[PDB]
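Just below is one structure, and these are the notes that go with it.
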Amino acid sequence: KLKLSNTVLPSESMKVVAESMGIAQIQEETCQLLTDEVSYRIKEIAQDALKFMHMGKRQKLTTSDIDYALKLXXXXXXXXXXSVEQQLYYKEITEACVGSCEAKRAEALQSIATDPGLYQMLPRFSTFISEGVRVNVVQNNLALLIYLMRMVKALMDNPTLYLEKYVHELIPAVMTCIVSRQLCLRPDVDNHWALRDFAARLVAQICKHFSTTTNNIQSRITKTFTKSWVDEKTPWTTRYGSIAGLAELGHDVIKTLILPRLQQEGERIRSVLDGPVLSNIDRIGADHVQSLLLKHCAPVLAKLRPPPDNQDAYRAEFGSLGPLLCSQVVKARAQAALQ
Amino acid sequence: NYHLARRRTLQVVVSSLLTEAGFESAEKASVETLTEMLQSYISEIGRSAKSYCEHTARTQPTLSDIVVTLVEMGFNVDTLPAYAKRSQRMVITXXXXXXXXXXXXXXXXXXXXXXXXXXXXXXXXXXXXXXXXXXXXXXXXXXXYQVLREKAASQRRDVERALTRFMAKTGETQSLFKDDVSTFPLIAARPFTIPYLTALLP
């Protein structure tokens, strides 16, 4: 069932190595038997280093190993998927997701991210997690939002629990967290922008795993945010969540998208800036949104264009980017100088 | 893999000594081979001193031991102060690098339930019940007496009014008001041939 022929070096190459020292005119059978003899000693020593590492008990052979070799009819009532024990464990998980004590919070987060083999307090868990997402979208409460979104983050990093089959009741809750109207209070929309940042960051963590298949991920979320950006007369939370989600998709994504949207969204800027009579909620909202997305979009064209001619680059970017685009280009040159 | 950085640290020492020499260029594989030769020279010192200070019944290799070792290993030690003028006085010492950490975690369930049960050994840590043990789910008691018979009687009332609505709109219908097919469509009279066999029949 096996045949072990002799691994014999080509003797002409051996004569090349030999007469590299300039020996003589060599006949073949000499170097043939030389390769034979050296192959015997090599394969003997190979068995020997195998005896080494099969008592050092590793199946990989290092240089050091050979160095040491060189010392020579009513049915029965049902039963759930849970145990009572692990469903009470699940209740601990849920009320720690409620948990005010941040120690209990982080305990829950680690318990999510590092319980592999759990898999069975899967979807039911995640399913009316998503239902709680919908109900608290109605309730419009940022604390439940941040708790669930860090919960989804910790769900995303528990490496065994594969997402695939159970994806499709989770991602829309993320995007509903992205879109709009996270309005606890009008002076307190501030944390919601960071919520959207974190959410789009989570989407970026999603998108690197699943769009090999059916392209729900890339094609649907991109066209979603595309036509969402097209949606005129919408609140700027929608615009921020859309453009932030497109920002999280990557360098070349923005290179495609904000190539016309550079000056088109600059037109949106100077529709907002030097714009209305008075709506300072929307003014301050859209203004810091445009500023954030400006200097967050900046490293694309910084990697794309050289940082010359900031007066021309503002003309190349409809003026309002100038010189905040130029200041971000100075910051990018400083970050390059840090390297 | 993680062993390798000390070997490349020795390569850094090699480059430092070449800088003290003054070679602008080099042959890289020869440099690393010389580095291997250096670490084998270190280990050769160590083997020599190892088997040499076992000639005492005690272990600790002292200074003159290593003196006789290096003279045994062929070196004029008299240049060692003078080489100090080259060594710690013309080459800057490089620093080491080791970035070790112990991360934090917390997975607090509340179940131990057997500290050192019958196989008693007070050197372990019982995991939980949340992973190891299991349970059983019956999940449906529903035994609320008056509520139960409320359910049953309400359902009987439902089937009453259902069949009433069905044969109401089905058969001959006469009303209470005019044209109540919605609210009260009473079945009209059959009258049939033999009443007594019907009305006196259990």
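These protein sequences, in sequence, are chains I and K. Residue numbers for the first sequence, in the authors' numbering: 6 to 77, 207 to 473. Heads up, the second sequence is in the authors' numbering, so the first residue is 28 and it goes up one at a time. A virtual CB, placed ideally from N, CA and C, is assigned to each residue, including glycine.
Check your understanding: Per DSSP, which one or two residues make a beta bridge with I:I50?
Key -> None; I:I50 has no bridge partner.
Check your understanding: Going along the chain, which residues of its own chain have a beta-carbon closer than 8 Å to the beta-carbon of I:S345, five neighbours each way excluded?
Key -> Only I351, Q352 and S353 meet the Cβ criterion.
Point to revise | Where I:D249 falls, given that 16 or more other Cβ within 10 Å makes a residue buried | key: Result: buried.
Check your understanding: Is it right to say I:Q316 is buried, meaning 16 or more other beta carbons lie within 10 angstroms of its own, or is it exposed?
Key -> I:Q316 should be labelled buried.
Review point. When every heavy atom of the ligand NAD is checked, does at least one fall within less than 6 Å of the C-beta of I:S234?
Key: Questions concerning the ligand NAD fall outside what the structure shown contains, since it holds no ligand whatsoever.
Review point. Among all the DSSP beta bridges, which residues are the ones paired with K:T200?
Key: In the DSSP assignment, K:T200 forms a beta bridge with K:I214.
**Study point:** Nonlocal neighbours in the same chain, by C-beta distance under 6 Å from I:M58, ignoring five residues either side
**Key:** Excluding residues up to 5 positions away in sequence, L66 and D70 lie with their Cβ nearer than 6 Å to the Cβ of I:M58 in the same chain.
Check your understanding: Short check: CB of K:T62 to CB of K:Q38, under 7 Å?
Key -> A contact, by the Cβ cut-off of 7 Å.
Point to revise | Closest by C-alpha distance to I:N270, when choosing among I:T310, I:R330 and I:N292 | key: Minimum Cα distance to I:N270 is reached at I:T310.
Check your understanding: To the nearest whole angstrom, what separates the beta carbons of K:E199 and K:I214, a pair I think is in contact under 8 Å?
Key -> Between K:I214 and K:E199 the Cβ distance is about 7 Å, and since that is below 8 Å, they are a contact.
Point to revise | Length of the line joining the Cα atoms of K:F193 and I:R335 | key: If you draw a straight line from the Cα of K:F193 to the Cα of I:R335, it comes to about 59 Å.
Review point. Short check: CB of I:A338 to CB of I:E382, under 7 Å?
Key: Taking 7 Å as the Cβ cut-off, I:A338 and I:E382 qualify as a contacting pair.
Exercise for review: With a 10 Å radius around its C-beta and 16 neighbouring C-beta atoms as the bar for buried, classify I:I418 as buried or exposed.
Suggested key: With fewer than 16 other Cβ atoms within 10 Å, it is exposed.
Check your understanding: If you count every other CB in all the chains shown that lies within 10 Å of the CB of I:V286, and 16 or more means buried, which is it?
Key -> Under this definition I:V286 is a buried residue.
Check your understanding: Looking only at its own chain, which residues have a Cβ that is under 8 Å from the Cβ of I:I227, when we skip the five neighbours before and after it?
Key -> Taking I:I227 as the centre and dropping the five residues before and after it, the same chain places the C-beta of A242, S245, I246, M255 and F259 closer than 8 Å to its C-beta, in chain order.
Check your understanding: With 16 as the cutoff for other CB atoms within 10 Å, does K:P212 come out buried or exposed?
Key -> Counting the other CB atoms within 10 Å of its CB gives K:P212 a total of 16 or more, which places it among the buried residues.
Review point. Is it the case that the Cβ atoms of I:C36 and I:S10 are separated by a distance below 7 Å?
Key: In this structure, I:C36 lies away from I:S10, with their beta-carbon atoms at least 7 Å apart.
Practice item. Could you tell me whether the Cβ atoms of I:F359 and I:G400 are closer together than 7 Å? Key: In this structure, the beta-carbon distance from I:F359 to I:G400 does not fall below 7 Å.
Review point. Can you tell me the Cα-Cα spacing of I:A468 and I:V423, whole angstroms?
Key: Taking the Cα positions, I:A468 is about 24 Å away from I:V423.
Check your understanding: Going by C-alpha distance, which of I:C235, I:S454 and I:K389 is nearest I:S405?
Key -> That would be I:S454, whose Cα lies nearest to the Cα of I:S405.
Review point. How is I:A450 classed by DSSP in three states: helix, strand or coil?
Key: Three-state result, I:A450: coil.
Check your understanding: Where do the ends of the alpha helix (DSSP H) carrying I:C341 lie?
Key -> Unbroken alpha helix (DSSP H) run through I:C341: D324 to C341.
Check your understanding: Helix, strand or coil for I:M283 per DSSP?
Key -> The three-state secondary structure of I:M283, taken from DSSP, is helix.
Review point. Roughly how far, in whole angstroms, is the beta-carbon of I:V434 from the beta-carbon of I:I392, given that I think they are within contact range, below 8 Å?
Key: Correct: roughly 7 Å between the Cβ atoms.
Review point. Do I:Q462 and I:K437 have their CB atoms nearer than 7 Å?
Key: No, the pair does not count as a contact, with Cβ atoms beyond the cut-off.
Check your understanding: Since I:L295 and I:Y253 are thought to touch, with beta carbons under 8 Å apart, how far apart are those beta carbons, to the nearest angstrom?
Key -> That pair is a contact at about 6 Å.
Point to revise | DSSP-derived helix/strand/coil call for I:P433 | key: In this structure, I:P433 counts as helix in the three-state DSSP scheme.
Check your understanding: What do you get for K:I119, buried or exposed, if any count of 16 or more other CB atoms within 10 angstroms of its CB means buried?
Key -> With fewer than 16 other Cβ atoms within 10 Å, it is exposed.
Check your understanding: In chain order, what residues of the same chain have a beta carbon less than 6 Å from the beta carbon of I:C460, not counting five sequence neighbours either side?
Key -> Apart from sequence neighbours up to five positions away, the residues of its chain that approach I:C460 with a beta-carbon distance below 6 Å are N444, ordered along the chain.
Point to revise | Inter-residue Cα distance where the pair is I:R330 and I:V267 | key: Taking the straight line from one Cα to the other gives about 15 Å.
Check your understanding: From this set, I:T368, I:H326, I:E303 and I:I47, which residue's C-alpha is nearest I:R402's C-alpha?
Key -> For the residues I:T368, I:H326, I:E303 and I:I47, the minimum Cα distance to I:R402 belongs to I:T368.
Point to revise | Presumed contact (8 Å Cβ cut-off) between I:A307 and I:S264, rounded CB distance | key: That pair is a contact at about 4 Å.
Point to revise | Outcome for I:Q221 when other beta-carbon atoms lying within 10 angstroms are tallied against a minimum of 16 | key: When all chains shown are included, I:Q221 counts as buried.
Review point. What span of residues does the alpha helix (DSSP H) with I:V313 cover, start to end?
Key: Segment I305 to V313, the alpha helix (DSSP H) holding I:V313.
Review point. Do I:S314 and I:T371 have their CB atoms nearer than 7 Å?
Key: Closer than 7 Å, so yes.
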